[PDB]
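Visitor: My questions all concern the structure below.
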Amino acid sequence: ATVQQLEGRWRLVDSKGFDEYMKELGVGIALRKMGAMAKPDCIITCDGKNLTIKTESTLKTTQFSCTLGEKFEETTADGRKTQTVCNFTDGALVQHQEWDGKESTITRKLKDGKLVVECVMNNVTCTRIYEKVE
Ligand SMILES: O=C(O)c1c(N2CCCCC2)nc2ccc(Cl)cc2c1-c1ccccc1
Ligand SMILES: O=C(O)c1c(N2CCCCC2)nc2ccc(Cl)cc2c1-c1ccccc1
């Protein structure tokens, strides 16, 4: 497994736990209603240790870029400014966000040709499945 195997455009086809995860994050209702109903594409690109992840939908588009293994300031969809690190480890992209004494982990992996995105904060979990599209 390589980080390059995660590259491309992926379309959300299933989500579980996402509203609960946003509630744990303390996201307000206007942002939570957008996320319950947006069906974004995720575009992952990686040039060596450079990674970009863009999330696109008519409702909301976000994008960050980083160097694998380096701490950086990520502005999240809900407007947090986190210290984030992304690494490709044990066949998954692992993203750890820290802010205000809090932490959340986001993983992205290839399973059965699908992109499986999992999030957690304080044992509140979500799983989002995306299918590879042109
Ligand atoms: O899908 C997301 O990127 C994603 C997200 N992710 C889920 C994927 C894993 C990392 C956290 N976390 C969020 C937290 C708060 C809010 Cl308001 C939106 C998101 C979105 C998001 C959803 C729809 C359109 C654009 C962005
Ligand atoms: O109708 C809503 O539930 C509702 C809503 N409010 C907030 C609370 C009470 C009722 C309406 N607030 C929102 C805020 C942001 C966005 Cl993107 C959508 C909504 C919708 C909504 C609109 C269309 C389809 C489904 C839901």
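Sequence positions for chain A are given in Swiss-Prot numbering; the residues included correspond to 2-135, in order.
Quick check of the header: X-ray crystallography, 1.2 Å.
Using the three backbone atoms N, Cα and C, a Cβ is placed for every residue, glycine included.
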Visitor: To which of the residue ranges 24-34, 35-45, 112-122 does Swiss-Prot assign the term motif 'Nuclear localization signal'?
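Guide: Residues 24-34 are the ones Swiss-Prot records as motif 'Nuclear localization signal'.
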Visitor: Where does Swiss-Prot put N6-acetyllysine, among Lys17, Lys50?
Guide: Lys17
Visitor: I need the least crowded one of these recorded positions (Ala2, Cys43, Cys127, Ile130), counting other C-beta atoms within 10 angstroms of each C-beta.
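Guide: Per-residue Cβ counts within 10 Å for the recorded positions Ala2, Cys43, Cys127, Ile130 bottom out at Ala2.
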Visitor: On a C-alpha basis, identify the one among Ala2, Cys43, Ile130, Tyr131 that is nearest to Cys120 (disulfide bond); the candidates are the recorded positions.
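Guide: With Cα distances computed to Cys120 (disulfide bond), the winner among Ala2, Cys43, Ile130, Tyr131 is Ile130.
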Visitor: Starting from the Cβ centroid of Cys43, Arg109, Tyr131, the recorded N-eicosanoyl ethanolamine site, name every other residue in that chain with its Cβ within 8 Å, sequence order please.
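Guide: My list of surrounding residues reads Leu7, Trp11, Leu13, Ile45, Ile54, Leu116, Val117, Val118, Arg129.
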